[PDB]
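Novice: The structure's right below; bear with me while I get my questions together.
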Amino acid sequence: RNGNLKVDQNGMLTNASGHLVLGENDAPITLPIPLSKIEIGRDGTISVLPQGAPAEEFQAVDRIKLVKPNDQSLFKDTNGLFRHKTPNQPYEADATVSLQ
Amino acid sequence: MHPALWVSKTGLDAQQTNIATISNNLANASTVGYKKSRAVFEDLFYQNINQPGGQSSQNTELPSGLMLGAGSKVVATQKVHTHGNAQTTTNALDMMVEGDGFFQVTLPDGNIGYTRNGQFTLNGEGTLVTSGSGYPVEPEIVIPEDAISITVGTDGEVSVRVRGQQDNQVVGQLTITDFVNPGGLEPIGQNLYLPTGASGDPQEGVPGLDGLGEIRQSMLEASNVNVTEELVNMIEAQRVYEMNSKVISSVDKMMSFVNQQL
Amino acid sequence: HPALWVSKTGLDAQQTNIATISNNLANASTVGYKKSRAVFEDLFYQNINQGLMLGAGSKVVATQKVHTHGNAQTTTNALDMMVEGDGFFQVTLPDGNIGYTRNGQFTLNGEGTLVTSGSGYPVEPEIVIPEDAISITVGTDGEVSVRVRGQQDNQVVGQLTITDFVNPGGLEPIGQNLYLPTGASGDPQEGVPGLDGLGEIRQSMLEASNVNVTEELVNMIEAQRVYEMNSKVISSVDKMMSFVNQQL
Amino acid sequence: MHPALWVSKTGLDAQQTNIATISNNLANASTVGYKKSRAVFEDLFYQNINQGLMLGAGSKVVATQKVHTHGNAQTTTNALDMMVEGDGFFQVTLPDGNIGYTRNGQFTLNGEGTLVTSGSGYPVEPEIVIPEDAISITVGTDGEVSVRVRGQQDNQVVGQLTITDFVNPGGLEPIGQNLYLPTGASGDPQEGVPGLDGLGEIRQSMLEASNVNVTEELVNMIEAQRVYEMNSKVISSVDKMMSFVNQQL
């Protein structure tokens with residue numbers, strides 16, 4: 001639940017804890033390296049502006065994977081991450097979670 | 001400390017430059033051949049917190065973004081080079097350009113200075129010089145000691161009348177210089193301008209052809225300042241200046257309250 | 001303690017609001033300036049102890065440019081002009097793309113091209129004033145003509161065009177009285193200045209700033225008091241937390 | 001002790017020096033040929049701990065930058081006070097024998113008629129001596145000093161003033177009395193005719209007013225006072241935190 005996101009030199013989107021942020025393809029989000037303006041929508045959509053592009057060139061490149069499972073079914077692991085109590089269970093991408 | 005403090009600081013500095021420009025126009029309300037100036041305001045950069053047109057969620061974009069301004073400043077002082085009124089004088093050595101053009105004088109460093117002031121006179125050698133510092137007028141017009149009257153033609157030809165000789169003798173020819181952008185000249189004081197990069201190439205020729213103005217003898221060009229306009233502008237400049245001080249004072253009390261409370 | 005940061009949102013919102021108010025008062029003499037109002041909206045609500053709704057505070061979501069036409073200033077300069085209605089002057093930026101302005105204070109460069117009086121950007125389309133011109137006339141439809149001695153009738157040196165946007169509030173201000181087209185601004189609609197909703201070019205006139213100096217002074221009063229009110233909540237919450245740990 | 005105590009103390013010291021320059025600017029709001037100064041802030045070194053964690057050490061005022069913008073002109077009826085229209089400093093001879101460079105133009109005559117400063121009376125280099133037979137003093141735009149003598153047509157020349165321009169006027173060392181001393185970073189004294197090769201022109205019966213912005217200084221006092229009080233609250237808060245701990249621990 002730590003949304004202190006950051007972008008490293010390679011363009012990979014992580015948080016302040018160093019964890020890779022997943023995307024819509026279930027893979028870590030890698031943004032174009034030379035950005036000029038990054039906007040996060042109210043649903044996880046990441047829109048970037050290539051450096052030097054006109055203002056009418058904002059394009060969505062990824063969507064942050066947001067999950068709303070049953071809270072009673074989650075346990076905190078040894079590294080502060082909440083995981084399913086039952087192993088080998090995937091994380092469905094819920095479309096109701098909003099980001100402020 | 002507070003953004004409103006820095007934003008209103010620019011507004012205070014901008015108005016102070018505006019007032020000084022207004023005061024200079026009123027100071028030169030009797031200067032012959034003075035062109036009034038107007039301060040040009042422009043806003044500073046806007047901080048792009050939220051990009052207008054940025055994609056909000058999906059199938060939706062921000063109709064207007066959170067773009068905070070940084071204040072304003074005076075970016076230019078535009079000289080209004082409109083023709084002034086004519087004053088009739090009995091002197092024969094004060095001239096006026098009837099239209100576009102500038103008289104050319106020789107600065108002490110060697111360069112040619114351009115003036116709209118026509119108050120000229122002679123020096124000990126008879127050369128036509130300015131009535132102030134005494135710079136010679138280009139080209140040199142030497143009035144002979146045998147002259148009984150001076151006539152400066154409309155086409156800039158200077159002639160003198162000599163007793164014992166009909167058909168007054170011509171002693172020289174004056175040439176005036178025009179500029180595409182006379183507002184780009186650099187005012188160096190003493191009613192003199194210097195050519196600059198944006199002033200344009202100095203075009204010289206006879207005063208009355210190729211769009212050049214005509215030389216009017218025994219006439220002076222009064223300043224074009226509007227004394228009523230400067231007084232109204234002083235009212236606007238004073239009030240906007242004070243209302244920016246209100247914002248700074250309010251921020252000062254706001255931070256005083258936070259220090260006492262938090 | 002949520003009340004600490006709920007009130008901090010109010011302090012941040014007022015700080016942004018006051019900054020925009022100071023920007024309006026700073027540009028009270030800028031030609032062709034459009035005032036702006038900060039848009040407040042409450043943050044999300046949390047359903048706690050689940051049917052109990054608690055707000056998260058407030059924030060400023062956007063700054064809306066009010067593109068209402070300002071008053072008219074009559075000047076004796078022959079190069080400063082005003083758009084009487086809807087439309088923007090288009091200038092060429094050093095990047096090569098076109099910026100759009102409402103400030104009509106223009107002038108000439110060394111070569112005679114019509115340029116802005118500030119940085120000196122050329123005005124699109126290019127208008128070149130010949131050296132033989134003795135007066136410059138700009139018609140109500142952008143028809144620029146000059147007077148030449150020895151020739152009856154003013155010769156035409158070019159025609160200015162203006163651009164209108166469906167949503168001028170969506171333009172991106174970049175300073176220097178300039179705008180950049182964006183996605184939400186719309187498609188730049190050029191054309192003759194005076195037909196099809198476009199405004200008319202008024203030579204020797206300027207468009208004043210549309211800010212209301214009295215309104216901003218009152219807005220300062222209401223912004224300052226709300227800022228102080230949220231400070232007392234933080235102070236009271238601090239006293240409550242300082243009391244609990246001292247007492248216990 | 002507690003790092004926050006001394007990090008905040010740097011801010012108190014930094015603002016105190018900042019206020020000292022603002023008061024100096026306001027005090028010299030009527031001095032002829034005074035150049036206002038602003039305090040240049042810079043952050044202290046950042047320490048690396050817990051090893052990618054950077055902690056600042058505070059702030060300090062590293063320099064006092066003088067802004068050598070030309071001030072306005074005061075029209076005076078005195079015939080001995082002058083001004084430099086542009087870049088250039090009047091060169092005066094200090095009692096040590098070295099040359100000090102000034103922009104104040106309020107001059108006068110000594111008992112022997114040499115042009116000196118209106119304050120401590122330091123002579124102006126090169127020496128200009130006004131004869132007793134003179135009835136008027138005229139200083140040309142290029143430093144040419146001439147006097148009008150009765151019974152003799154034409155003003156006789158009694159000297160020519162020269163001015164010195166520095167590539168970095170802000171590198172000069174202020175020593176009071178509107179005087180500067182050349183330093184290593186000032187550059188080399190570039191002396192010549194006052195009006196040729198970038199040098200300004202001498203304007204007689206005119207004075208160069210102070211260039212301080214009294215409105216700016218009052219706003220600068222507002223932010224300096226608030227930041228000074230803001231840093232004091234951290235020290236007060238740290239003091240009550242350390243008092244709580246040893247009372248509790």
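Ligands are numbered from 1 in the order shown, residues from 1 within each chain, and chains are lettered A, B, ... in the order they appear in the structure tokens.
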Could you pull out the strand (DSSP E or B) residues of region 5-89 of chain A, going by DSSP on the backbone, and write them as a count of residues only?

Specialist: 34

Novice: For a quick test of understanding: name the residues of chain D lying within 12 Å of chain B when counting only C-alpha atoms, and present them as a ChimeraX atom specification.

Specialist: /D:72,85-86,139-142,153-154,193-201,203,213-234,236-237

Novice: The selected residues should be written to file as a compact mmCIF listing (two decimals), in the first residue's frame (atoms: C-alpha atoms).

Specialist:
```txt
# COMPACT_ATOMS: atom_id res chain seq x y z
CA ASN D 72 19.69 57.23 -10.89
CA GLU D 85 27.75 57.77 -16.92
CA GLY D 86 28.46 54.08 -17.32
CA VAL D 139 34.63 69.22 -16.43
CA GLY D 140 34.24 67.81 -19.92
CA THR D 141 32.46 64.59 -20.79
CA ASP D 142 35.90 63.00 -21.36
CA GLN D 153 39.56 84.34 -24.17
CA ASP D 154 39.35 80.49 -24.16
CA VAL D 193 40.05 58.19 -21.29
CA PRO D 194 36.61 58.42 -19.61
CA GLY D 195 34.38 57.83 -22.62
CA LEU D 196 36.37 55.51 -24.88
CA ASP D 197 36.57 51.71 -24.93
CA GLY D 198 33.68 50.83 -22.63
CA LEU D 199 34.51 53.52 -20.07
CA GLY D 200 31.70 55.78 -18.91
CA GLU D 201 31.56 59.54 -19.33
CA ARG D 203 28.84 64.22 -15.96
CA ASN D 213 15.24 48.97 -3.67
CA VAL D 214 13.69 50.05 -0.37
CA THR D 215 10.51 48.15 -1.23
CA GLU D 216 12.48 44.94 -1.80
CA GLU D 217 14.40 45.31 1.46
CA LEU D 218 11.18 45.56 3.47
CA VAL D 219 9.86 42.37 1.85
CA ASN D 220 13.24 40.74 2.44
CA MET D 221 12.91 41.58 6.14
CA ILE D 222 9.51 39.86 6.17
CA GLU D 223 10.81 36.52 4.92
CA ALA D 224 14.01 36.75 6.97
CA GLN D 225 12.05 37.32 10.18
CA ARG D 226 9.63 34.44 9.57
CA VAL D 227 12.32 31.93 8.62
CA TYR D 228 14.33 33.02 11.67
CA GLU D 229 11.32 32.34 13.90
CA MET D 230 10.58 29.11 12.02
CA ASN D 231 14.02 27.71 12.86
CA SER D 232 13.74 28.76 16.51
CA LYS D 233 10.63 26.61 16.93
CA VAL D 234 12.57 23.48 15.93
CA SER D 236 12.29 24.76 21.11
CA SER D 237 10.66 21.50 19.99
```

Novice: Quick one: which residues from chain A are at most 8 Å off chain C, using only C-alpha atoms, as an mmCIF file with N, CA, C and O atoms, in the first residue's frame?

Specialist:
```cif
data_model
loop_
_atom_site.group_PDB
_atom_site.id
_atom_site.type_symbol
_atom_site.label_atom_id
_atom_site.label_comp_id
_atom_site.auth_asym_id
_atom_site.auth_seq_id
_atom_site.Cartn_x
_atom_site.Cartn_y
_atom_site.Cartn_z
ATOM 1 N N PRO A 54 5.315 17.820 -28.495
ATOM 2 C CA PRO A 54 4.271 18.809 -28.212
ATOM 3 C C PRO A 54 3.295 18.290 -27.168
ATOM 4 O O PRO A 54 3.185 17.088 -26.917
ATOM 5 N N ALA A 55 2.581 19.234 -26.547
ATOM 6 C CA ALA A 55 1.670 18.885 -25.461
ATOM 7 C C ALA A 55 0.587 17.917 -25.913
ATOM 8 O O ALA A 55 -0.008 17.221 -25.083
ATOM 9 N N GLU A 56 0.313 17.857 -27.213
ATOM 10 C CA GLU A 56 -0.667 16.915 -27.751
ATOM 11 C C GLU A 56 -0.012 15.605 -28.178
ATOM 12 O O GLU A 56 -0.262 15.085 -29.265
#
```

Novice: Determine the nearest neighbour of residue 14 (chain D) from the options D:125, D:165, D:42, D:87, counting only C-alpha atoms.

Specialist: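 Among the listed residues, the smallest separation from residue 14 (chain D) belongs to D:42.
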
Novice: Do you know which residues are at most 8 Å from residue 230 (chain C) counting only C-alpha atoms, after dropping those on the same chain fewer than 6 positions away, and could you put them as a ChimeraX atom specification?

Specialist: /C:7-8,10-11

Novice: Go through chain C residue by residue and, counting only C-alpha atoms, keep those with an atom at most 8 Å from chain B; for each kept residue give the shortest atom pair and its distance in Å to one decimal, ordered by chain and increasing number, as a tab-separated table.

Specialist:
```
residue	atom	partner	partner_atom	distance
C:15	CA	B:3	CA	7.8
C:16	CA	B:68	CA	8.0
C:18	CA	B:4	CA	6.3
C:19	CA	B:4	CA	4.6
C:20	CA	B:68	CA	6.4
C:22	CA	B:4	CA	5.7
C:23	CA	B:71	CA	5.1
C:25	CA	B:244	CA	6.5
C:26	CA	B:11	CA	4.3
C:27	CA	B:72	CA	5.8
C:28	CA	B:240	CA	6.7
C:29	CA	B:41	CA	6.9
C:30	CA	B:41	CA	4.9
C:31	CA	B:41	CA	6.9
C:60	CA	B:66	CA	7.8
C:61	CA	B:66	CA	6.4
C:62	CA	B:66	CA	4.1
C:63	CA	B:66	CA	4.9
C:64	CA	B:64	CA	6.2
C:76	CA	B:82	CA	7.6
C:77	CA	B:80	CA	5.9
C:105	CA	B:40	CA	7.9
C:107	CA	B:181	CA	7.8
C:108	CA	B:181	CA	5.6
C:109	CA	B:198	CA	5.2
C:110	CA	B:200	CA	3.7
C:111	CA	B:200	CA	6.3
C:112	CA	B:180	CA	6.0
C:117	CA	B:76	CA	6.9
C:118	CA	B:76	CA	5.8
C:131	CA	B:180	CA	5.9
C:132	CA	B:211	CA	4.7
C:133	CA	B:211	CA	6.4
C:134	CA	B:211	CA	6.3
C:148	CA	B:211	CA	7.4
C:149	CA	B:211	CA	6.5
C:167	CA	B:63	CA	7.9
C:169	CA	B:64	CA	5.9
C:170	CA	B:64	CA	4.6
C:171	CA	B:52	CA	7.0
C:172	CA	B:52	CA	6.4
C:173	CA	B:46	CA	6.3
C:174	CA	B:45	CA	5.4
C:175	CA	B:45	CA	4.3
C:176	CA	B:42	CA	5.1
C:177	CA	B:42	CA	5.8
C:182	CA	B:53	CA	5.6
C:183	CA	B:53	CA	4.4
C:184	CA	B:53	CA	4.4
C:185	CA	B:53	CA	7.2
C:213	CA	B:243	CA	7.9
C:217	CA	B:243	CA	7.7
C:220	CA	B:247	CA	7.4
C:224	CA	B:254	CA	6.8
C:227	CA	B:254	CA	7.7
C:228	CA	B:254	CA	7.0
C:231	CA	B:258	CA	6.5
C:232	CA	B:261	CA	6.7
C:234	CA	B:262	CA	7.1
C:235	CA	B:262	CA	5.4
```

Novice: Could I get the residues of chain A with an atom no further than 9 Å from an atom of chain B, each paired with its nearest atom pair and that distance in Å to one decimal, using only C-alpha atoms, sorted by chain and residue number, as JSON lines?

Specialist:
```
{"residue": "A:37", "atom": "CA", "partner": "B:51", "partner_atom": "CA", "distance": 8.0}
{"residue": "A:39", "atom": "CA", "partner": "B:54", "partner_atom": "CA", "distance": 7.2}
{"residue": "A:40", "atom": "CA", "partner": "B:56", "partner_atom": "CA", "distance": 8.2}
{"residue": "A:41", "atom": "CA", "partner": "B:57", "partner_atom": "CA", "distance": 4.7}
{"residue": "A:42", "atom": "CA", "partner": "B:57", "partner_atom": "CA", "distance": 5.4}
{"residue": "A:43", "atom": "CA", "partner": "B:57", "partner_atom": "CA", "distance": 5.7}
{"residue": "A:44", "atom": "CA", "partner": "B:57", "partner_atom": "CA", "distance": 7.7}
{"residue": "A:45", "atom": "CA", "partner": "B:57", "partner_atom": "CA", "distance": 6.3}
{"residue": "A:46", "atom": "CA", "partner": "B:55", "partner_atom": "CA", "distance": 8.9}
{"residue": "A:47", "atom": "CA", "partner": "B:55", "partner_atom": "CA", "distance": 6.8}
{"residue": "A:55", "atom": "CA", "partner": "B:53", "partner_atom": "CA", "distance": 7.7}
{"residue": "A:56", "atom": "CA", "partner": "B:53", "partner_atom": "CA", "distance": 7.3}
{"residue": "A:58", "atom": "CA", "partner": "B:54", "partner_atom": "CA", "distance": 6.5}
{"residue": "A:59", "atom": "CA", "partner": "B:55", "partner_atom": "CA", "distance": 7.9}
{"residue": "A:60", "atom": "CA", "partner": "B:55", "partner_atom": "CA", "distance": 7.8}
```

Novice: Go ahead and save the residues from that selection, with C-alpha atoms, as an mmCIF file, in the first residue's frame.

Specialist:
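Ended up saving to part-v8.cif:
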```
data_model
loop_
_atom_site.group_PDB
_atom_site.id
_atom_site.type_symbol
_atom_site.label_atom_id
_atom_site.label_comp_id
_atom_site.auth_asym_id
_atom_site.auth_seq_id
_atom_site.Cartn_x
_atom_site.Cartn_y
_atom_site.Cartn_z
ATOM 1 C CA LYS A 37 5.909 14.740 -17.795
ATOM 2 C CA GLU A 39 0.697 11.628 -15.106
ATOM 3 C CA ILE A 40 -0.972 8.859 -13.097
ATOM 4 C CA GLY A 41 -4.703 8.559 -13.682
ATOM 5 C CA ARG A 42 -7.363 7.834 -11.096
ATOM 6 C CA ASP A 43 -7.335 4.161 -12.140
ATOM 7 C CA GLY A 44 -3.621 3.323 -12.474
ATOM 8 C CA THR A 45 -3.136 4.469 -16.074
ATOM 9 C CA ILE A 46 0.360 5.864 -16.657
ATOM 10 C CA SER A 47 0.532 8.554 -19.346
ATOM 11 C CA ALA A 55 1.670 18.885 -25.461
ATOM 12 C CA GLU A 56 -0.667 16.915 -27.751
ATOM 13 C CA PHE A 58 0.488 12.386 -24.158
ATOM 14 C CA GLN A 59 0.105 8.615 -24.479
ATOM 15 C CA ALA A 60 -0.782 5.850 -22.044
#
```
